[PDB]
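Protein chains in written order, with the numbering used here: chain A, 1 to 595; chain B, 596 to 999; chain C, 1000 to 1594; chain D, 1595 to 1998.
Don't be surprised by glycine CBs; every beta carbon is placed ideally from N, CA and C.
Number of protein chains: 4
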Amino acid sequence: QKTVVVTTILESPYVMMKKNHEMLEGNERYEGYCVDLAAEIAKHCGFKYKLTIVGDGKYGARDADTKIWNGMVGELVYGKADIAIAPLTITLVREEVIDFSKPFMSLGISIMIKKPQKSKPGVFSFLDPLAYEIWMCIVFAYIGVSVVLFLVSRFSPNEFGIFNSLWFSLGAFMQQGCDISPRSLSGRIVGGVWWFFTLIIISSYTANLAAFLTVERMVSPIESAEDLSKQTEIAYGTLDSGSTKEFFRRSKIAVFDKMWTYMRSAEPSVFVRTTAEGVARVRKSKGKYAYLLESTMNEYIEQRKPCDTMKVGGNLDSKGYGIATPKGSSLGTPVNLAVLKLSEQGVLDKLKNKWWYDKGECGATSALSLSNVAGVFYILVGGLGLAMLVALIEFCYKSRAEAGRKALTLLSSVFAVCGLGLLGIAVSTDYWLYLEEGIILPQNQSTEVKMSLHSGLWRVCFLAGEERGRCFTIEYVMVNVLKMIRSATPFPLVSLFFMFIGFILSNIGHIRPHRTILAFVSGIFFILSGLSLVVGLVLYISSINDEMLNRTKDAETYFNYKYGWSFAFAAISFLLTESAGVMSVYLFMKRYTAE
Amino acid sequence: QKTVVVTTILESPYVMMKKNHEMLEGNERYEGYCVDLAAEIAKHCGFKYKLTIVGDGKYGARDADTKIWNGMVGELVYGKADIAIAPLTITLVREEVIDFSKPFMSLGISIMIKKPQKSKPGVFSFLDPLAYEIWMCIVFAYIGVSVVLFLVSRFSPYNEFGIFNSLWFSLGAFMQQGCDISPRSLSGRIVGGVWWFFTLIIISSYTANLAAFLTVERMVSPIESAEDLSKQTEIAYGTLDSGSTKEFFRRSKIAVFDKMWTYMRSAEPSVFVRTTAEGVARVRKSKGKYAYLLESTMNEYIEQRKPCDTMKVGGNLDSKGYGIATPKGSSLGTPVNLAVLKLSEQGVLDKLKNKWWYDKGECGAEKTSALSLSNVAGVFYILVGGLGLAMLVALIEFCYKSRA
Amino acid sequence: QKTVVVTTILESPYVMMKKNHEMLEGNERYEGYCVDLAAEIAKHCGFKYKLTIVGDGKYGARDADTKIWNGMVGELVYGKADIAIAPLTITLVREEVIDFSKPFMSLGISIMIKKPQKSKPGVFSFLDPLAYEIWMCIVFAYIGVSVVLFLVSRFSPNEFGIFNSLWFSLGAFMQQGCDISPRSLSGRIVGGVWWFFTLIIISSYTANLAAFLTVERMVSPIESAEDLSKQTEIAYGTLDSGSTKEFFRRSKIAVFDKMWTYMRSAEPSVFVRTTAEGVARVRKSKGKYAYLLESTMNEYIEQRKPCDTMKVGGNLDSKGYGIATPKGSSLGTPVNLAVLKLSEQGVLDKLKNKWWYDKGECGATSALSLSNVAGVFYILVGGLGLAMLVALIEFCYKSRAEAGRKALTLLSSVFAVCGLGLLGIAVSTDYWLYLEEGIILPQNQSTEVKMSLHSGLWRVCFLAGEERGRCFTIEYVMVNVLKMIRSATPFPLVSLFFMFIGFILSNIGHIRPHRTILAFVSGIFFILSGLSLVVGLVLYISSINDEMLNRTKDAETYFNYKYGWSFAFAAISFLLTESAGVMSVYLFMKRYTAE
Amino acid sequence: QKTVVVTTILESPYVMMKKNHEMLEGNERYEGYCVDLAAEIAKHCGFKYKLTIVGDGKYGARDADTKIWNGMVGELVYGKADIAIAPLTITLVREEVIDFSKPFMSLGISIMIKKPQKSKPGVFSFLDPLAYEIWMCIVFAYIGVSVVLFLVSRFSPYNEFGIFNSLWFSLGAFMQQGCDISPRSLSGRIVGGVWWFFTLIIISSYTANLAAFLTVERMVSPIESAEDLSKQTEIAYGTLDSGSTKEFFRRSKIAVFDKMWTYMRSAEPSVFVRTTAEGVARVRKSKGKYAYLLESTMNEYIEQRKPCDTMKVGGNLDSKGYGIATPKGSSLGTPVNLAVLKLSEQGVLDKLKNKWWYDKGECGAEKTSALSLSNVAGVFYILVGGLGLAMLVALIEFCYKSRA
Ligand code: NA
């Protein structure tokens, strides 16, 4: 008997060169699925085979100008090339001229998506419902409400120093019952409206955290092309010379009618060439792209070097492979028995598990975890760590009691003139709110910057985007506007009015310390500046967030906004006045009650 | 054969010039609805056509100085055209000189407004989950337990629950976590408890409704008809300044559109638009305070454009139709007339509208926005307005304390 | 000139008889849209008309066996019957043989659904998240935890009588801070685990109420047939001889492909005949049915006697009406001008508003309302009303102090022997849980009853469904089972063990009142029976709700379950023992401390 | 012409007898997939067919005593049939005597389990929103603040915060609303506060997650492959007792299905089903503890039946195919073979499967269930188990109190 000439193709893992090639000869240079399958069929049939490799590169098709065939179907029709144990898809136009055996493998068009890519929660992730503008104004709040209870209970009739009134503050905001209670009509109103502050913020934090966790459950990963059909944020993709595209056009099923419709009319080109590109467009387009393989390919890609892509769903259609006997040869019935005999003993299921899975280098809670609430354990430990430090402080302060007024004047004076400074500096030095925007250039994740600002209150000015050194002023301007100075002008200007009263009557109490009521009314007008700082900065940011929601989203266009060093200086100026507003009023108590 | 001269005019999506309009032939450079329609009419009737975009540039109207038709009607009557497969609107003065054909598309005057996007919060927008009748029935019951806890604790010991205290312990209860002036009576056992159960169910109804308020974002349009747009005065009207739309409101006598005309009669921020595409941007810029009135073919197309910014609301105010015209006496007049119906019966005219308006278009067919300081804004105002009101009454207190 | 013969049809509101007919003559017997339109056209054209009414009944069609026409199109072809001002739809098969004018009215296939039918919230609607099994076991809880604090603080070392411990109970469950606190290691554990009870129930009530209000917003009313296409709980309906059905078959639009698919293969028959039936199938099939009219009909039905149906969506297709001139008559061009002249002046828009709307007898908050939370105002008022009643009680009890032990023995003894009774009665008398089930017969809202039970614990027995008088027993049974006695047997049996100790040592304290510690340990074993009653009834219902969730829904099949008089007797037996468990222990305190 | 005798067998949805099976003709009384398939094969090839439901009633197999084919293969070979448009499965022993045709439907052995319906709660099911690592890190930090509040308040006054109290005030804090043994030190200002902020964020994470736990009901299947069904022992295997499915697991040598065969070898509650429709009810009755193994055509059909109670999970274990058979040498063998492919290329075979399995079927393609006492069940058990533990230690307390 002669040597039957097998004609496979260099496609992995079907036929690929052995690593020790250019050192071997003939049919013991190849390895793969079809090399093991050729060895199986030959034992059953009676062969003594000898593999070659397909001439041009191709599987088989009919050139519509000359009606010649090309490739494996080309070689076996035209006199050359016997039995064709190879990934040759059973179509109608091939089996008119050649004989296919029964399918040794059942493929189909399937969906490739990148691996669901877990998105590990941050340390301070619990403070995601309330934004960081809200968390910093709460710190301004329970400091400030403590100072008012420092005032209004030792103002006149008693147990509400800043030591005790921050305890009211840290007490009531964290919803636990405060031990003591005020006893004056004005003392209750502070405890009255602060207990309304906590009941809204906690009911806004819980309700928005239930808005995060519900929508996160409400989304769903792709598990079918029916699921892909509704979706428009994950774009499809097909090879554009071949049977994957050919399926969607002439299909009449209503889902594939909608799927081709999107692919036909979209931008940019989703009709990829050269499948290695299509695999790449899945990987560097995270959760935005979905390429459509043939099922025996994307099960191979999945069990291969880094396991980045994954098959989801079921076979959209059904097809097969087949050994391709020439047209009427005597190797057409014994091969057709030697496929069905291997597909029952389990050899065709063993050789798939071998090359796809076993020679593949890869692998095979509806509840909050510790990583979600992680910062509150670190605030707890970071809190208790601060507590043991202050346990040293009271032990040393009592030890000095075992074994000054001028310092109290020293604290109040210096904290005042820095509070006079850092507000007046900040309103003068134009380094408040930093607006930033631009549009996107795709495929590069661009850096469009063109526009910016560095605007304060009065001297609003611009830096890039024609670069405009002579920018604008409060004198009438001519499209963006700036509602910062438009509404929140008097709220720092009345703050300066209370604060100018503050340092002068402090100095009146300084130059002649026997004056008592002067330092008293000095302190009263310190906190009324600091309360104007609160309604200043709140109405400040609220005017910005109203300008934020006026965006009319514009998905491509991006934005950015950051606070400047002057916004920090007025935030620091809140601390300097208020913590002097306690020391000025406490200085009255040490002075006048001694008198 | 005869090479029928088909006239059209350049408006989207009826005839749009393809990007190869400098490197292709006449019948292959134009795309659109009328391009797909002229292929279907020629397929059923049977002729050869070459698209002949109008020389003047208008649809058609009489000039009552020289009595000469202009535009596409002008090419039909005088001789330079043979069919007019285009968006000619069937009117009386056009009907006297040419022959239309049994409308292939039914349009009407409609309402164009800006998209209902997410809006600005108020300074009392945290009172949105619980309605206004519940907030007042709490306060009227806050005074209710206040007068009970006084009349209980004054009549029973025969007095740590006067006007001063009984108003307070109810406030200390509903604004949560309690207060240390606990009642002491078996009535006060109840007076404590049954107000305290009223604390639980309101706050659990405030939290749960606000969670549903933030999960399913379900926005609505301000106006949804000409009726609701008639009674309002906030959102401004708008119409073209010389056309069939402005003429429609003038002579109408059903007294609803006459009300809409009496607004636009005075109307002095100049609501009338010149050159419609200006009025498209006028809706986009004027913050949903402006409502332009278009034909319902342009409203369904501009809605399907980038930037997605406008939406049609309501039913068609009137009904007018398009029509494949033919000259006053021709051989095409009857076979086209049965061809326009036969496309409509099979669903071709319903598919070609679906393709160009809805399929070949933008805007397609949950982002978990965190809360802003503008959402909870007035709570800071009530807080500082509480703290400021404390220092006033303390200054009142210090007055009569030192005086007495 | 002659008298042109108009041929309309008795269809409302187009042509219908005037109320004063059989008293008038000719063309002044009719009224409607087409009677006003005939008067309009005649003025423009030049007529002197005379209405008749269509011969057989019909509009016009071609009988496919004999090719004769029938009706209005029948009469105007065959020599009779001039101008045809009537609801004659412009189709292709009519205009081949007759001339239609331009459409005077633009109809379309539209959706009819019943009015959204507001579903007014109940008085006690706030207690819908937690079911009434949970609310009654809470009442068992804060009664019981009060009795344990009645015990464990006057057990040994002080301020926790039932007067004060219900105050702990009513205090802590309603989340407000309790004034006093226990001081003993066992006293804190009661306050410890009860403060864990409230934190789960409140967090289960708030979280489930947010499950109701979100899904209620998440549903959406029908506003398009695209919205109808996804839905499967509202079934469609079409007339079955006519153009409404004819549209869905030969349509190729993907939505109408899916809409016909459902209608073609469903059960029962949704292809209604005789439109008045189809309107009726909308009305007595509340939010389950949707019939598909032609747009000029369901805008008439909507503005008509009781306004029960409503048009939603837009026109699925587009069509028209038309005056139908014969084939080549001289009344074909002046009518074609007299329609377009009326459709510009607004007369065809005036006559629609007249007959549809003006001669129609009909009309033209994303927030909780008071009706939702209504019972808590009634609990508040009903609470304060009870308070003023007890204000009389303390005033009279102090007035008797101004101006008995045997009663305390009398309270404890009688409440014990009724507690011995009503538990022993209930476990004996088989009238516990009432199961009920059956399947549904549609179109009648059936009363299937066949099966039931009246089962207690031991004597489980059956009443209907072969009626089975000899039912079953605890001796082995042979499909439903009964896990009541399977798990919750010892929890009342250990309760009898504590309770048998209870009344005997009570009677030992009765026959010789100088015995002190006997009545003490009498009381200890009263509440341990009542605590076994708690874990009895909880594990009871929890075993039922596990059997409830084993249902595997079966949408047609219904179910019902009610508690019996024996379940109430053991619930009453909880009160009788516990409220004697306070009076027995308080009797020790009055006795031994006096000694 | 020739009146081709087409054989089939009565199984759904291949050939089902229509309700007019006593008042119609042969070719109009049967409906199904093979009925629609035999119309398509006759349309492309060209002949006349009359359906000839098999006399014996089986598919086909050798009887190795008399060597006579039975069933549909028996009618083909011996002469009583001409084509076999039916669900014959292509096997080797059938291939030697007749000629199949290039499968029109690709099936495989699959896994049949009960639907994952809503399940029973546990007696500790209220610990489901917060995971098990969070509940333990609370208790380990509950002891953490306990040892801090002692070491602060013992070292500072140089003692109302011993073992007795410092364990208590942390419990009084996290189990909400506070306790009246308030700390007194600037450390105790912190020790109060930073534990109190830990109260807020956990309970707001418990409430918000439980609200998401009840809103979106998202159930999962226990097993979702043969791999996950291999490693378990809880859910029982199941296969037919004499067929190609049982024979498949026996001779398989890939060692995963060999593990599945070693279970069914011992298997003594008799897992093997006689007459498959019994095993359909065995999955329905045995509470999702039984998993039957079917061909993937029956699993996709019985899933689309009333009562909707079973679902297929996982991929096909093997791959076998159907086939329109033809006798050993015929004139129909080649034109049918190209007709089966030509239907598949056009999408006819994909549509006819879609029609009979998925369209002409039940089970279609949020009910707001209130909580039950079984949901919050163990909280009553911790409560009474707390109250019972109180009376024990009190009895311990009374012992050494009167003794000392
Ligand atoms: Na809460």
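- If you ignore the 5 residues before and after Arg-1458(C), its C-beta comes within less than 6 Å of the C-beta of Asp-1429, all in its own chain and listed in chain order.
- Secondary structure note for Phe-1247(C): its alpha helix (DSSP H) is the uninterrupted segment 1242-1249.
- Within the stretch 256-272 of chain A, contact with chain C at the beta-carbon level (separation under 7 Å) is assigned to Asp-257 and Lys-258.
- With a cutoff of 7 Å, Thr-1197(C) does not count as near the ligand NA, since its C-beta is closer than that to no heavy atom of the ligand.
- Cβ neighbours of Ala-989(B) within its own chain (closer than 8 Å, five residues either side excluded): none.
- Interface annotation, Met-484(A): not in contact with chain D, CB-CB separation never under 8 Å.
- For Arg-1153(C), not one C-beta of chain D is nearer than 8 Å to its own C-beta.
- For the stretch 169-185 of chain A, residues whose beta-carbon sits nearer than 7 Å to a beta-carbon of chain C comprise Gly-177.
- In the DSSP assignment, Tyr-917(B) falls outside any alpha helix (DSSP H) and within the unbroken beta strand (DSSP E) covering 915-922.
- Counting along the chain, the unbroken alpha helix (DSSP H) around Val-1584(C) starts and ends at 1564-1591.
- Residue-level contact check: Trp-1762(D) does not touch chain A, since none of the beta carbons of chain A fall below 8 Å from its beta carbon.
- Every alpha helix (DSSP H) of 4 residues or more that sits fully in the stretch 1880-1962 of chain D is shown, in chain order, as 1890-1896, 1927-1940 and 1942-1947.
- When the Cα atoms are used, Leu-978(B) and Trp-194(A) turn out to be separated by approximately 6 Å.
- Contact of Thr-921(B) with chain A by beta-carbon distance below 8 Å is absent, the smallest such distance being about 33 Å.
- Ranking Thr-296(A), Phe-271(A) and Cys-307(A) by CA distance to the CA of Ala-290(A) puts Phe-271(A) first.
- Beta-bridge pairing by DSSP links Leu-368(A) to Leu-1724(D).
- Under the Cβ criterion of 8 Å, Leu-533(A) is not counted among the residues facing chain D.
- Residues of chain A whose Cβ lies closer than 7 Å to the Cβ of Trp-1789(D) are, in chain order, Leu-380.
- Here the stretch 914-932 of chain B lies against the stretch 663-671 of chain B, with 3 or more beta-carbon pairs under 8 Å apart.
- In the assembly as shown, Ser-1531(C) is a buried residue. Its beta-carbon has 16 or more other beta-carbons within 10 Å.
- Interface residue (Cβ-Cβ distance to chain D less than 8 Å): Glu-1245(C) is not classified as such.
- Annotation for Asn-1621(D): the continuous alpha helix (DSSP H) segment containing it runs 1620-1623.
- Under the 8 Å criterion on CB atoms, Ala-886(B) is classed as non-interfacial with respect to chain D.
- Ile-111(A) is bridged by DSSP to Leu-292(A) and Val-312(A).
- In this structure, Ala-1802(D) is the residue among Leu-1745(D), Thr-1685(D) and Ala-1802(D) with its C-alpha nearest to the C-alpha of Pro-129(A).
- Its Cα nearest to that of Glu-691(B), the residue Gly-924(B) stands out among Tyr-628(B), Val-931(B), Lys-848(B) and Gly-924(B).
- Per DSSP, the continuous beta strand (DSSP E) segment holding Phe-559(A) begins and ends at 558-562.
- The Cβ atoms of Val-335(A) and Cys-34(A) do not sit closer than 8 Å to each other.
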